[PDB]
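**Q** Could you have a look at this structure, given as structure tokens, before my questions?
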Amino acid sequence: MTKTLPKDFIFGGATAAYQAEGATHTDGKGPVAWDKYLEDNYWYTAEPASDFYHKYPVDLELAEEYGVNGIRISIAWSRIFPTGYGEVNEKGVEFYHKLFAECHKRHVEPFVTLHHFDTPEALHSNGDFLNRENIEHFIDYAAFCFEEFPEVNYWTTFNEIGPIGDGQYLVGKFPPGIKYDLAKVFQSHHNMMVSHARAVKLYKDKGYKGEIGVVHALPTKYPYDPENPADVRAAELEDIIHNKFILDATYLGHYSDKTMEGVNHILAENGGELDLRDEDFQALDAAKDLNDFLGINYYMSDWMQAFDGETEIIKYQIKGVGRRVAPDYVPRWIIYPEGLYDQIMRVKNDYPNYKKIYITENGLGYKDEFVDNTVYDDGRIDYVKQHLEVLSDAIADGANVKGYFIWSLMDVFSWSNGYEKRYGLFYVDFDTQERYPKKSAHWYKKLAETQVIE
């Protein structure tokens with residue numbers, strides 16, 4: 001009755017550039033939107049964050065010692081091309097070579113992401129990915145990295161395209177801070193997926209020998225009342241905004257009738273139109289079968305309730321779609337591991353050409369109590385364990401899951417909660433940058449070297 005994981009499973013830890021690195025204004029690094037934003041809006045910034053720029057050897061040493069065999073790292077676009085394109089910043093390029101060298105030295109396989117919510121400010125201010133000119137610059141950046149970095153065997157274009165559109169254009173929490181613009185949500189989703197398809201194709205055309213894929217945040221959407229058809233429809237439209245539209249562009253090379261129909265309805269109710277070009281679909285179509293793996297980031301599910309009213313998110317409700325409402329008797333965010341099992345099977349069934357799946361992000365963040373130079377984080381251990389258990393079941397049921405990356409490896413900086421909300425396996429005393437393994441890090445060690453979920 002004890003669940004197990006495959007012997008080749010990768011037990012990883014995740015990090016992101018702006019959240020872990022620090023050195024925001026050093027070694028020719030170019031600015032990102034977060035710089036001004038966090039500055040004049042909060043008492044904290046991304047300096048020093050986790051000081052990964054300097055502490056990476058300590059983190060990779062600890063990663064190896066505790067059984068972590070894979071690590072998600074992201075290259076800061078503003079560190080290579082400070083202005084987005086043009087002049088290459090050699091210190092930025094050196095850094096990553098050093099970082100990748102430490103990983104291989106430590107036996108921690110690096111899974112590298114090119115974009116992690118940090119478009120260089122120069123290009124971000126100029127419409128970000130809504131501006132088609134920026135699709136070219138990304139492709140030039142991706143191409144440079146592919147060639148400049150032969151050490152990397154696992155590449156990823158973007159991390160969470162859905163959450164970007166949602167944050168920048170729907171909820172308006174992240175810059176440009178636009179609110180309720182559903183046309184911009186979908187346009188951003190589209191343009192970014194076109195960027196992805198062109199980079200993936202370019203990688204295969206040039207004949208590189210590694211593996212390339214994309215990481216999507218895929219929160220399962222459920223009807224508040226399964227027996228209520230209006231609820232089922234609200235969930236279906238919600239899933240189209242956040243998951244389906246993006247998944248279709250990724251795996252079908254076009255939007256299915258259900259997606260298009262849903263998108264038309266949502267925009268009819270909320271306004272706007274999409275700019276959809278023939279070359280766009282020519283691009284998506286060429287790439288639909290070239291993804292080696294899919295990265296799924298999952299933390300929790302969402303329940304929808306059909307209820308028509310104005311669009312308001314502070315509370316989440318969309319005109320023509322519905323409202324987010326949590327089930328009355330579900331454990332509590334809200335912990336729902338079945339959500340992940342369902343999302344995995346959905347991908348497997350809807351897009352059978354998915355090939356391979358990696359849970360690229362999953363974790364529990366809260367205010368850790370630091371005692372005895374450690375954290376007795378039993379809550380995080382239980383959350384992770386419960387999620388690893390559904391993975392075991394999904395694999396037994398036929399899904400090709402090959403790895404799990406816990407967000408995060410060490411405590412990193414959060415844009416929404418600064419240094420308060422912690423997710424790491426390793427506690428970081430942010431004043432001294434000293435790491436301390438938590439209880440979970442010891443537990444994760446036993447798991448990696450035993451592959452028995454206990």
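Labels used: A, B, ... for chains in the order of the structure tokens, numbers from 1 for residues in each chain, and numbers from 1 for ligands as shown.
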Tell me, as a ChimeraX atom specification, which residues lie within 12 Å of region 161-168 of chain A, counting only C-alpha atoms; anything in the same chain fewer than 6 positions away does not count.

**A** /A:33,115-119,124,127-130,174-196,214-219,238-247,249-250,295-298,313,316,415-416

**Q** Report as a PDB file with C-alpha atoms, in the first residue's frame all protein, DNA and RNA residues lying within 9 Å of region 93-101 of chain A, evaluated on only C-alpha atoms, omitting residues in the same chain fewer than 5 positions from it.

**A**
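Final output, saved to result.pdb:
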ATOM      1  CA  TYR A  53      24.344  35.393  -8.170  1.00  0.00           C
ATOM      2  CA  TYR A  56      24.893  29.372  -6.229  1.00  0.00           C
ATOM      3  CA  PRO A  57      27.812  27.116  -5.243  1.00  0.00           C
ATOM      4  CA  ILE A  75      18.373  33.064 -17.787  1.00  0.00           C
ATOM      5  CA  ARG A  79      21.477  40.147 -18.224  1.00  0.00           C
ATOM      6  CA  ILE A  80      22.440  38.982 -21.728  1.00  0.00           C
ATOM      7  CA  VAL A  88      25.585  41.327 -25.736  1.00  0.00           C
ATOM      8  CA  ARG A 106      27.216  18.779  -8.651  1.00  0.00           C
ATOM      9  CA  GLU A 109      20.849  18.591 -14.299  1.00  0.00           C
ATOM     10  CA  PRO A 110      19.868  22.155 -15.244  1.00  0.00           C
ATOM     11  CA  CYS A 145      21.220  31.250 -26.007  1.00  0.00           C
ATOM     12  CA  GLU A 148      26.000  30.229 -26.756  1.00  0.00           C
ATOM     13  CA  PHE A 149      24.991  27.482 -24.311  1.00  0.00           C
ATOM     14  CA  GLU A 151      25.922  22.665 -21.960  1.00  0.00           C
ATOM     15  CA  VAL A 152      22.158  22.885 -21.594  1.00  0.00           C
TER      16      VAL A 152
END

**Q** Near region 373-375 of chain A, counting only C-alpha atoms, which residues have an atom at most 7 Å away, once you skip same-chain residues fewer than 2 positions from it, shown as a ChimeraX atom specification?

**A** /A:368-371,377,436-439

**Q** Give me a file of those residues, with N, CA, C and O atoms, as a short mmCIF file (atom, residue, chain, number, x, y, z; two decimals), in the first residue's frame.

**A**
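Result file is again-v4.cif:
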data_model
loop_
_atom_site.label_atom_id
_atom_site.label_comp_id
_atom_site.auth_asym_id
_atom_site.auth_seq_id
_atom_site.Cartn_x
_atom_site.Cartn_y
_atom_site.Cartn_z
N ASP A 368 7.25 30.60 7.66
CA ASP A 368 7.98 29.58 8.39
C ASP A 368 8.46 30.04 9.75
O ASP A 368 8.98 31.15 9.89
N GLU A 369 8.32 29.16 10.73
CA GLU A 369 8.79 29.46 12.07
C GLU A 369 10.20 28.86 12.22
O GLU A 369 10.37 27.64 12.26
N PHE A 370 11.20 29.73 12.27
CA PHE A 370 12.60 29.35 12.39
C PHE A 370 12.98 29.07 13.84
O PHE A 370 13.07 29.98 14.66
N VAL A 371 13.19 27.79 14.16
CA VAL A 371 13.57 27.38 15.50
C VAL A 371 14.58 26.25 15.41
O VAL A 371 14.48 25.39 14.54
N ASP A 377 8.65 22.21 9.28
CA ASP A 377 7.58 22.39 8.30
C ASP A 377 6.86 21.10 7.92
O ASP A 377 7.04 20.57 6.82
N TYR A 436 19.81 27.07 5.68
CA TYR A 436 19.55 26.10 6.72
C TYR A 436 18.52 25.10 6.19
O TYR A 436 17.42 25.48 5.78
N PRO A 437 18.88 23.83 6.14
CA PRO A 437 17.90 22.87 5.64
C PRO A 437 16.74 22.82 6.61
O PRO A 437 16.91 22.95 7.81
N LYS A 438 15.54 22.70 6.06
CA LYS A 438 14.34 22.60 6.87
C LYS A 438 14.08 21.11 7.07
O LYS A 438 14.82 20.25 6.57
N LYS A 439 13.00 20.78 7.77
CA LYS A 439 12.69 19.37 7.99
C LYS A 439 12.38 18.69 6.66
O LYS A 439 12.75 17.54 6.42
#

**Q** Would you work out the distance separating CA of residue 289 (chain A) from CA of residue 405 (chain A), expressed in Å to one decimal?

**A**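 Spanning CA of residue 289 (chain A) to CA of residue 405 (chain A) is a straight-line distance of 24.3 Å.
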
**Q** Using only C-alpha atoms, find the one residue out of A:121, A:160, A:361, A:389 that sits nearest to residue 36 (chain A).

**A**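 Nearest to residue 36 (chain A): A:121.
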
**Q** Let me make sure I understand: among A:19, A:143, A:309, A:92, which one has the smallest atom-to-atom distance to residue 45 (chain A) if we use only C-alpha atoms?

**A**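 That would be A:19, the residue with the smallest distance to residue 45 (chain A).
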
**Q** Please return, as a ChimeraX atom specification, all residues of region 197-445 of chain A that DSSP assigns to strand (DSSP E or B) on the basis of the backbone.

**A** /A:211-217,221-223,293-297,302-305,312-313,316-318,322-324,357-361,366,370-371,374-375,401-407,410,414,418,422,426-429,434-437

**Q** Go through A:312, A:27, A:47, A:292 and flag the residue nearest residue 413 (chain A), using only C-alpha atoms for the distances.

**A**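 When distances to residue 413 (chain A) are compared using only C-alpha atoms, the smallest one comes from A:47.
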
**Q** Would you kindly return, as an NGL selection string, each protein, DNA or RNA residue with an atom no farther than 9 Å from any atom of residue 424 (chain A), considering only C-alpha atoms and excluding same-chain residues fewer than 2 positions away?

**A** :A and (13 or 363-365 or 406-412 or 422 or 426-428 or 437-438 or 440-441)
